[PDB]
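J.: Chains as they are written, first to last, in my numbering: chain U, 1 to 337; chain V, 1 to 337. The beta-carbon is built from N, C-alpha and C at its ideal position, and this holds for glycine as well.
2 protein chains.
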Amino acid sequence: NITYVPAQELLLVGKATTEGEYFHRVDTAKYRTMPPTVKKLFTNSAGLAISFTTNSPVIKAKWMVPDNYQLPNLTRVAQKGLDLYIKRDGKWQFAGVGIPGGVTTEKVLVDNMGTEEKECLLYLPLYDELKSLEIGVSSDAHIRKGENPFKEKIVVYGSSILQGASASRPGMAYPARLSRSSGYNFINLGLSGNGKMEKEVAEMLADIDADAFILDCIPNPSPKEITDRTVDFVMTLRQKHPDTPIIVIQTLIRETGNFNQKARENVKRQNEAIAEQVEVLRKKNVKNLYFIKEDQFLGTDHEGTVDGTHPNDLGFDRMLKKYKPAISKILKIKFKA
Amino acid sequence: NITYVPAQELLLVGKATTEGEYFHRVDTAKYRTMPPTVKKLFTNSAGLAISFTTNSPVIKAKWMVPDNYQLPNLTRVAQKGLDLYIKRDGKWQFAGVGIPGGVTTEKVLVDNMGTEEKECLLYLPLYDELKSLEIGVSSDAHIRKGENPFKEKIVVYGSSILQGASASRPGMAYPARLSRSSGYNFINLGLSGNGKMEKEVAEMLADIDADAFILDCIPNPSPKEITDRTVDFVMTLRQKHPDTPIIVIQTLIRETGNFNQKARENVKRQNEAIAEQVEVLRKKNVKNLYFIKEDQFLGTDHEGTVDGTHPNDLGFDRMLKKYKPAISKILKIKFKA
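1. Measuring CB to CB, does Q261 (chain U) end up less than 8 Å from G114 (chain V)?
2. Please confirm whether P219 (chain U) has its beta-carbon closer than 8 Å to some beta-carbon of chain V.
3. Could you say which of U:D301, U:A173, U:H241 and U:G299 lies nearest to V77 (chain U) if we only look at CA atoms?
4. Pairing CB atoms from the segment 271-285 of chain U with CB atoms from the segment 108-126 of chain V, are three or more of them under 8 Å?
5. Tell me, please, which residues DSSP counts as bridged to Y290 (chain U).
6. Assuming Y85 (chain U) and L121 (chain U) make a contact with CB atoms under 8 Å, what is their CB distance in whole Å?
7. At which residues does the alpha helix (DSSP H) containing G315 (chain U) begin and terminate?
8. Let's test the definition: count the other Cβ atoms within 10 Å of the Cβ of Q250 (chain U) and tell me whether it reaches 16, buried, or not, exposed.
9. Taking C-alpha atoms, which residue in U:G183, U:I135 and U:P100 lies nearest to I333 (chain U)?
10. Please tell me whether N112 (chain V) has its Cβ less than 8 Å away from any Cβ of chain U.
11. Under the three-state reduction of DSSP, which class applies to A210 (chain U): helix, strand or coil?
12. Out of V:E272, V:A210, V:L178 and V:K240, point me to the one whose CA is closest to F316 (chain V)'s CA.
13. Say whether chain V places a C-beta atom closer than 8 Å to the C-beta of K87 (chain U).
14. Identify each residue in the segment 295-308 of chain V for which the Cβ-Cβ distance to at least one residue of chain U is less than 9 Å, and report them in chain order.
15. Contact criterion: CB-CB distance below 8 Å. Does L74 (chain U) meet it with respect to chain V?
16. Is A46 (chain V) near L126 (chain V), with beta carbons less than 8 Å apart?
17. Taking contact to mean at least 3 C-beta pairs separated by less than 8 Å, is the segment 30-43 of chain V in contact with the segment 216-228 of chain V?
18. Closest Cβ-Cβ distance between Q270 (chain V) and chain U: below 8 Å?
19. Decide if the segment 158-167 of chain U is in contact with the segment 184-193 of chain U; the criterion is three or more beta carbon pairs, one per stretch, under 8 Å apart.
20. Exposed or buried, what is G102 (chain V) when buried is set at 16 or more other beta-carbons lying within 10 Å of its beta-carbon?
21. Does the distance from the CB of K60 (chain U) to the CB of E106 (chain U) come in under 8 Å?
22. Does any CB atom of chain V fall closer than 8 Å to the CB of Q261 (chain U)?
23. Quick check on this structure: which residue in U:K30, U:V156 and U:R180 has the alpha carbon closest to the alpha carbon of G90 (chain U)?
24. Should the segment 252-260 of chain U be regarded as contacting the segment 291-311 of chain U, the criterion being three or more beta carbon pairs within less than 8 Å?
25. Taking 7 Å as the line, does the beta carbon of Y31 (chain U) fall inside it for any heavy atom of the ligand GDP?
26. According to DSSP, simplified to helix, strand and coil, what is residue 360 (chain U)?
27. Checking contacts by CB at 8 Å: is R254 (chain V) closer than that to chain U?
28. Would you give the residue range spanned by the beta strand (DSSP E) that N185 (chain U) belongs to?
29. So is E198 (chain V) buried or exposed if we call it buried at 16+ other beta carbons inside 10 Å?
30. Taking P245 (chain U) and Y290 (chain U) to be in contact with their CB atoms under 8 Å, please state how far apart those CB atoms are, rounded to whole angstroms.
31. If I214 (chain V) and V155 (chain V) are in contact, beta carbons under 8 Å, what's the gap, nearest whole angstrom?
32. 8 Å is my cut-off, CB to CB: does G47 (chain U) come that close to chain V?
33. Give the residues of chain U in contact with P125 (chain V), contact being defined as C-beta atoms less than 8 Å apart.
34. Taking all protein chains shown into account, decide if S166 (chain V) is buried (16 or more other Cβ within 10 angstroms of its Cβ) or exposed.
35. Quick check on the DSSP output: what are the complete beta strand (DSSP E) runs of length 3 or more inside the segment 131-172 of chain U, in order along the chain?
36. Report back the beta-carbon spacing between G146 (chain V) and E119 (chain V) to the nearest angstrom; my notes put them in contact at under 8 Å.
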């Protein structure tokens, strides 16, 4: 005897605005001048989650994801699945996953939990569109809309790496890890293959009521694109946000460059190009602009990626150990030890 | 202009014997009394690799894997793909992956390398059968059969976790990581769902010219199966190997038990059951028998799995930090710092 409630009756967490389709990251009808593939990517629920409370001993989910191609460098869980965390001892802790099948999946996420009150956070798919989601509990349990677990809006814009390639499951995307560690809302606006600093995307970002912008968008654009686009991108943000801190992060050093000398040189050039445009911005006296240089983000053993580019969870763990102190200093956000 | 050589002309690394089909782990025609699903799993190339040398600036692979179902908690790369390492500065280092498609895949693994001599090690799929593999180099380069990179035969028997669920790519399975770190040949005889200490499987293991046996086979069997089977399993090994060290490892504490109290209790019982059978073996005065108790193998934050059971690369990293000092003490094998 399971009673299901639509996620629309609970609390959506991690979305920059309340606009557009419920499970989309951005209202792509409103922001229709963005590139078509960018708009498609913003239909993926990366970094979104549902907050609820229940005394049920079991939590099930019924969810629908279209039969889109499964990326070979991602688990199906990460792309199309769900990740459930439950608060215990003041910390969000792993409870279970929703292992996706086909278009409609119905799974037990966790059972045999007992019937104490539990605060829950269910992360949504990273690399696919969520068409529907219902949360199931025992018929004699209650399920109620949860509280917002995080504070503020820290907007993170960037590449496939940011979106979550190749975290093993949805809650392991790096902004989700940063949010749980700090209690601040790191919003995932990563765009696989497509974080190339288009002015129309800057225009959308500038409309967000952000407390900070983190621009981790160096992996995708060419050096020429970085040279041509960075200043206009940052100036578009500053038009609407004269003071909001902007943090620019260099690209990680792709492991593809370990032996591929062409890839190595391209990464070097990307990082030089952004360093040069930061100097241009500094000469324009852009206020509250910060630049995080690459500093062994994936460690030193070359093991931190699935494919040379996209971190695995070990690579992300290493990256977070560098990102956290840098972000903490700039934004005055404490991360839990 | 690419010239291809079959892997059969190069050196196969990581196989316990030279018997049976080339890319199979075990000769399942010879060991036909093992369970059918065990035999099927031994057709998966987990822990096998090809050693070769080349001065090519490019390495390609053409490989065939049947259209078997992709496991949702594994990347396609891990299940059906390839992982290329190249020796540099006395260490095996990540060079590139073979991203699988359909049944036959032809991909560049790494290019733009330059034309110095390179010693290479290509890891084979973890969770699928490899039907054919050819390695491609520039037509004016040479490719030659490589040297054996490792010493001895350290046989590791166990579960899906051992076989490699959920390492991001083939070279990240834990025995492969142990081998690169030590220079010793940790042979992967993991069996997804099926490391249950059947006597017919012990009979096969006992025929291997092993330097040590590591039995990491507690996750799959029930407590009753552990109670009923452990002594006969170890005694079967000892019949043919009176002195070869045998190391029994407790199961990791599955993260499914973080909130699922039934799962929690089952793991507790599995670990109690094996501890009890170790005492039985000690009372039987079985020589050179070692027991590694669980010691926070996945860390303390509950983040180390893809699905509650199967480690991600972060979980494996943490496990190896415990396994290495324990194995080093017992087998007198040094792991590189």
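T.: By the coordinates alone:
1. For this step, residue 261 (chain U) is matched to residue 261 along the first sequence. For this step, residue 114 (chain V) is matched to residue 114 along the second sequence. Taking 8 Å as the cut-off, the Cβ atoms of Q261 (chain U) and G114 (chain V) count as close.
2. If you number the first sequence from 1, residue 219 (chain U) lands on position 219. Not one beta carbon of chain V lies nearer than 8 Å to the beta carbon of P219 (chain U).
3. The residue labelled residue 77 (chain U) in the question sits at position 77 within the first sequence. Residue U:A173 holds the alpha-carbon nearest to the alpha-carbon of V77 (chain U) among U:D301, U:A173, U:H241 and U:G299.
4. Put simply, the segment 271-285 of chain U does not touch the segment 108-126 of chain V. Fewer than three CB pairs are less than 8 Å apart.
5. Against the first sequence, residue 290 (chain U) aligns to sequence position 290. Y290 (chain U) pairs with U:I247.
6. Position 85 of the first sequence, counting from 1, holds the residue named residue 85 (chain U). Position 121 of the first sequence, counting from 1, holds the residue named residue 121 (chain U). With 8 Å as the limit, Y85 (chain U) and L121 (chain U) qualify as a contact, their Cβ atoms being about 5 Å apart.
7. As a working note, residue 315 (chain U) is residue 315 in the first sequence. Unbroken alpha helix (DSSP H) run through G315 (chain U): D313 to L331.
8. The sequence position of residue 250 (chain U) within the first sequence is 250, counting from 1. The Cβ neighbour count for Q250 (chain U), taken over all protein chains shown within 10 Å, is at least 16; the residue is labelled buried.
9. Taking the first sequence and counting its residues from 1, one reaches residue 333 (chain U) at position 333. Here the closest residue by C-alpha is U:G183.
10. Here residue 112 (chain V) corresponds to residue number 112 of the second sequence, with the count starting at 1. With 8 Å as the cut-off, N112 (chain V) counts as an interface residue toward chain U.
11. Counted from its first residue, the first sequence places residue 210 (chain U) at position 210. Annotated three-state conformation of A210 (chain U) is coil, per DSSP.
12. Within the second sequence, residue 316 (chain V) is the residue found at index 316, counting from 1. Taking only the C-alpha atoms, the option nearest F316 (chain V) is V:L178.
13. Numbered from its first residue, the first sequence carries residue 87 (chain U) at position 87. Answer no: the Cβ-Cβ gap between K87 (chain U) and chain V never drops below 8 Å.
14. Taking 9 Å as the Cβ-Cβ cut-off against chain U, the residues of the segment 295-308 of chain V that qualify are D301, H302, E303, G304, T305, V306, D307 and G308.
15. Locating residue 74 (chain U) in the first sequence gives position 74, counting from the first residue. Put simply, the CB of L74 (chain U) is near chain V, with a gap under 8 Å to one of its CB atoms.
16. Here the question's residue 46 (chain V) lines up with position 46 in the second sequence. Here the question's residue 126 (chain V) lines up with position 126 in the second sequence. Closer than 8 Å, so yes.
17. Cβ pair count under 8 Å is below three, so no.
18. Along the second sequence, one-based indexing puts residue 270 (chain V) at 270. At a cut-off of 8 Å between beta-carbon atoms, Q270 (chain V) makes no contact with chain U.
19. Touching, yes, given that three or more Cβ pairs across the two stretches are closer than 8 Å.
20. As a position in the second sequence, residue 102 (chain V) is number 102, starting the count at 1. The residue is exposed, with fewer than 16 neighbouring Cβ atoms inside 10 Å.
21. On the first sequence, residue 60 (chain U) is found 60 positions in, with the first residue counted as 1. On the first sequence, residue 106 (chain U) is found 106 positions in, with the first residue counted as 1. Taking the C-beta atoms as reference points, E106 (chain U) is found nearer than 8 Å to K60 (chain U).
22. Within the first sequence, residue 261 (chain U) is the residue found at index 261, counting from 1. Yes, contact with chain V.
23. Taking the first sequence and counting its residues from 1, the one referred to as residue 90 (chain U) is at position 90. It is U:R180.
24. Judged by Cβ distances under 8 Å, the segment 252-260 of chain U makes contact with the segment 291-311 of chain U, as three or more pairs qualify.
25. Of the ligands one can find in the structure shown there are none, so the ligand GDP has no counterpart to examine.
26. Examination of residue 360 (chain U) is not possible in this model, given that chain U is present from 1 through 337 alone.
27. Position 254 of the second sequence, counting from 1, holds the residue named residue 254 (chain V). Closer than 8 Å to the CB of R254 (chain V) there is not a single CB belonging to chain U.
28. Your numbering for residue 185 (chain U) matches position 185 in the first sequence. Looking at the DSSP string, the run of the beta strand (DSSP E) that includes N185 (chain U) is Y184 to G190.
29. Here residue 198 (chain V) is taken as the residue at index 198 of the second sequence, counted from 1. Buried, by the Cβ-count rule.
30. Taking the first residue of the first sequence as 1, we reach residue 245 (chain U) at position 245. Taking the first residue of the first sequence as 1, we reach residue 290 (chain U) at position 290. With 8 Å as the limit, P245 (chain U) and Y290 (chain U) qualify as a contact, their Cβ atoms being about 7 Å apart.
31. The residue you call residue 214 (chain V) lines up with position 214 of the second sequence. The residue you call residue 155 (chain V) lines up with position 155 of the second sequence. The beta carbons of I214 (chain V) and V155 (chain V) sit about 7 Å from each other, so the pair counts as a contact at 8 Å.
32. As a first step, residue 47 (chain U) is located in the first sequence; it is residue number 47 there, counting from the start. Not an interface residue.
33. In the second sequence, counting from the first residue as 1, residue 125 (chain V) sits at position 125. Chain-order list of chain U residues neighbouring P125 (chain V): empty, with the shortest C-beta distance near 12 Å, by a criterion of under 8 Å.
34. Within the second sequence, numbered from 1, the residue matching residue 166 (chain V) stands at position 166. Within 10 angstroms of the beta-carbon of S166 (chain V) lie 16 or more other beta-carbons, which makes it buried.
35. Qualifying beta strand (DSSP E) stretches, in chain order: 132-138, 143-145 and 151-158.
36. Walking along the second sequence from the start, residue 146 (chain V) turns up at place 146. Walking along the second sequence from the start, residue 119 (chain V) turns up at place 119. Yes, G146 (chain V) and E119 (chain V) are in contact; Cβ-Cβ is about 6 Å, under 8 Å.
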